[PDB]
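Here is what each chain is made of, one letter per residue.
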Amino acid sequence: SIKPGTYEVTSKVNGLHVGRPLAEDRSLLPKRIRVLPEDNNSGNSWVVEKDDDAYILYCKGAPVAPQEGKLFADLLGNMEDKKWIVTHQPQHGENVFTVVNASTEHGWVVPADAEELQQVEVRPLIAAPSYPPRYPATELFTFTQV
């Protein structure tokens with residue numbers, strides 16, 4: 001669970017904000033959710049809304065959804081699987097979460113070698129078989145309430 005509200009989101013891999021860059025073209029094609037340069041990450045406070053027993057997550061006003069293994073903002077409205085399970089992982093720090101799709105069971109992943117502007121992936125999550133599980137940084141995000 002996570003308290004609904006407005007958040008800045010960074011990847012634990014690299015500390016970079018996740019979201020949408022300043023330049024996108026004017027189409028309603030789904031837009032990539034990316035790891036952002038420090039100098040190109042404004043306007044990327046996400047909105048987190050409760051949606052039954054899961055969450056809908058908005059970046060620059062559009063809800064995000066998985067498609068062919070990657071994370072996009074849905075501008076057109078026809079994308080399925082918009083509900084996410086957002087879970088605290090306190091063993092990784094106070095405001096650290098995993099984000100796992102409620103229907104597909106695949107979660108957000110930033111590869112360890114991700115470059116700036118590279119798209120966030122959506123894949124089955126892996127974790128060490130410890131108690132509690134320890135996730136790789138590629139699967140951990142810091143959600144910091146504005």
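Coordinates for the structure precede this section.
Remarks on the packing of aromatic side chains
All chains considered together, the criterion is met by six aromatic pairs. Relative to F143, the ring of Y7 lies with its centre 5.9 Å away and its plane at 70°, an arrangement referred to as edge-to-face. Placement of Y7 in strand 1 (residues 5-11) and of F143 in strand 13 (residues 141-145) is noted, with a sequence separation of 136 residues between them. Of the two residues examined, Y7 and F143, each falls in the buried class. Between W108 and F141, the aromatic rings sit 5.4 Å apart at their centres with planes inclined by 85°, giving edge-to-face as the arrangement. Of the two residues, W108 sits in strand 11 (residues 107-109) while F141 sits in strand 13, which places them 33 residues apart along the sequence. For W108, a relative accessible area of 0% corresponds to the buried category. Members of the aromatic cluster, joined through ring pairs, are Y7, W46, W84, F97, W108, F141 and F143.

Digging into unusual backbone geometry
For the bond running from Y131 to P132, omega is 0°, close enough to zero to count as cis. Following the sequence through the fold, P132 ends up in the loop between strand 12 (121-123) and strand 13. Here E105, not a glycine, exhibits a phi torsion of approximately 70°, which is positive. With respect to the helices and strands, the residue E105 is situated in the loop between strand 10 (96-101) and strand 11.

Thoughts on a negative patch on the surface
A grouping of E38, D39, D113, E115 and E116 is seen on the molecular surface, where their side chains present a negatively charged patch. Summarising the element assignment, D39 is placed in the loop between strand 4 (34-35) and strand 5 (45-51).

A closer look at the side chain of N44
By secondary structure assignment, the location of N44 is in the loop between strand 4 and strand 5. A distance of 2.7 Å separates a polar atom in the side chain of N44 from the backbone nitrogen of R20. One polar contact links the side chain of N44 to the main-chain carbonyl oxygen of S42, over a distance of 3.1 Å. In this structure, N44 is in contact with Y7, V18, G19, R20, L36, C59 and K60, ignoring residues within four places of it in sequence.

Observations concerning the environment of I85
Within the fold, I85 resides in strand 9 (residues 84-88). Remark: the alpha-carbon pair of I85 and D53, spanning 32 residues in sequence, is separated by 8.2 Å. Not counting the four nearest positions on each side in its chain, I85 is found in contact with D53, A54, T98, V99, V100 and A102.

Digging into the environment of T138
By the secondary structure assignment, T138 is in the loop between strand 12 and strand 13. Along the chain, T138 and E38 lie 100 residues apart, while their C-alpha atoms are 19 Å from each other. The residues contacting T138, other than those within four sequence positions of it, are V13, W108, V109, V110, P111 and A112.

Scoring rules and cut-offs
Residues numbered from 1 in each chain as written, not as in the entry; some residues may be left out. Heavy atoms only, no water. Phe/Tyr/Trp six-rings, centres within 6.5 Å; stacked < 30°, edge-to-face > 60°. Helix = DSSP H or I, 4+ residues; strand = E, 2+ residues; numbered from the N terminus. Buried < 20%, exposed > 50% of the residue type's maximum accessible area, 1.4 Å probe, protein only. Patch = residues over 30% accessible without salt bridge, like charges linked within 9 Å, V, L, I, M, F, W, Y side chains within 5 Å. Areas by Shrake-Rupley, 256 points an atom, 1.4 Å probe, with all protein chains shown as cover. Salt bridge = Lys/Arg side-chain N within 4 Å of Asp/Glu carboxyl O. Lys, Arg positive; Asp, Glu negative; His and termini not counted. Charge placed at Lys NZ, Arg CZ, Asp CG, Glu CD. Polar contact = N/O pair within 3.5 Å; in protein donor to acceptor, adjacent residues only side chain to side chain. Contact = heavy atoms within 4.5 Å.

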